[PDB]
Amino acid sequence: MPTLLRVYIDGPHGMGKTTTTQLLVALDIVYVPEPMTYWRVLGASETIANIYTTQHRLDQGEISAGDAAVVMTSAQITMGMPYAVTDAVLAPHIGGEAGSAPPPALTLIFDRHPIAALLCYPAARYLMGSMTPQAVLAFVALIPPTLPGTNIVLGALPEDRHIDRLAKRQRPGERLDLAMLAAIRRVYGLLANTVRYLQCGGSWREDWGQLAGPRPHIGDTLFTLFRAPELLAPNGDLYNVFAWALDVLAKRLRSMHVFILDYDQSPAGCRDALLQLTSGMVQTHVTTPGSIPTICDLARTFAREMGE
């Protein structure tokens, strides 16, 4: 059947993921861009400006953890909306994997992946204290089942160079919170190891008490963020409820094909560099033969209406 190769470009904001993918796309391929219009208009109203202000009000000590928590938690629900719906309608047409030989019938490039809204950003906001780990796990329990051929390209960029970049300018409503850059960096690192650890066979349940290449110490995976007095019983173990969610986080990430593109270069180098990774990425067949078109018109509709 016609194969389809999907690739999600994720990682912290401000590294140059949007450009590169354009350059990549500018060259069969459709682009599912960031739904700003949803965040700005359709879904709420300046969702991203809302996020940055609340956390700010929180840092000023004008809003209490709970007011920012309740405001943050709900601001996240809006962010992941477009990712979640796209997956939901996409899922059916996705069939069994085929194999990284050139080429596919279609290539869908994504700007971020469900996990970025249902995990990374929240966990990050949690370390930032504007969110709880209970809520964080709530999203984790909603992360959709991982689809075959789910290729995730996270991104590497030096700090000074990343800070430097954010410094110049980025999203409308965005405030330069270096600490946030730090958290969000941390979370995307962990995420990488987490996949690795998991793929190498880690089993957090065994390594709990301990709280490509070699297997990372569970203490270096995302789990570690979940060793908190909120999530622990009077006898120290995690409440089964959360443990069980860490068990889904594990299942979700366990089948992902994660890659690290380097962003410490020219937009073109990033394009060329990201292109040389797309070749070792696993693709899949479609479910209906006429899925390529609908999957196509689907991405073009998302773009035309949510892009900005």
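From 1 onward, residues are counted along the sequence shown. For clarity, a rigid core is taken as the largest C-alpha set superposing within 1.5 Å between two forms.
Hey, after superposing on the core, which one moves around more in 8 other deposited structures of this protein, 104-112 or 160-168, CA-wise? It is 160-168 whose C-alphas lie farther from the shown form in 8 other deposited structures of this protein.
Does the comparison with other PDB entries of this protein show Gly80 lacking coordinates in a third or more of them, where both adjacent residues are built? That residue is present in all of the other compared entries.
Taking the other compared PDB entries with both flanking residues modelled, is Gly95 unmodelled in at least a third? That residue is present in all of the other compared entries.
What is the count, as a class, of unmodelled deposited residues between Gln170 and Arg171: none, 1 to 3, 4 to 9, or 10 or more? Unresolved stretch here: none.
Using only C-alpha atoms and the B-factors in the entry, which stretch averages higher, 230-238 or 131-139? For C-alpha atoms only, the mean B-factor is higher in 230-238.
Pick between 212-220 and 161-169: the one whose mean CA B-factor in the entry is higher. Mean C-alpha B-factor is greater for 161-169.
Looking at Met15, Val25, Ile295, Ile9, which one carries the largest C-alpha B-factor according to the PDB entry? The listed residue with the largest C-alpha B-factor is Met15.
According to the deposited entry, which of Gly155, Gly202, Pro104, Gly189 has the largest Cα B-factor? Of the candidates given, the C-alpha B-factor peaks at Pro104.
Would you please rank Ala68 by its C-alpha temperature factor against the other modelled residues of its chain and give the third it falls in: lowest, middle or highest? Bottom third by C-alpha B-factor.
Should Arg175 be placed in the lowest, middle or highest third of its chain by the C-alpha B factor in the entry? For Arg175, the deposited C-alpha B-factor lands in the highest third.
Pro114: which third of its chain by C-alpha temperature factor? For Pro114, the deposited C-alpha B-factor lands in the lowest third.
Mind checking which third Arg271 falls in for C-alpha B-factor across the chain? CA B-factor rank for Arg271: lowest third.
Please place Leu225 in the lowest, middle or highest third of its chain according to the CA B-factor in the PDB entry. For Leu225, whose C-alpha B-factor we compare with every modelled residue in the chain, the answer is the lowest third.
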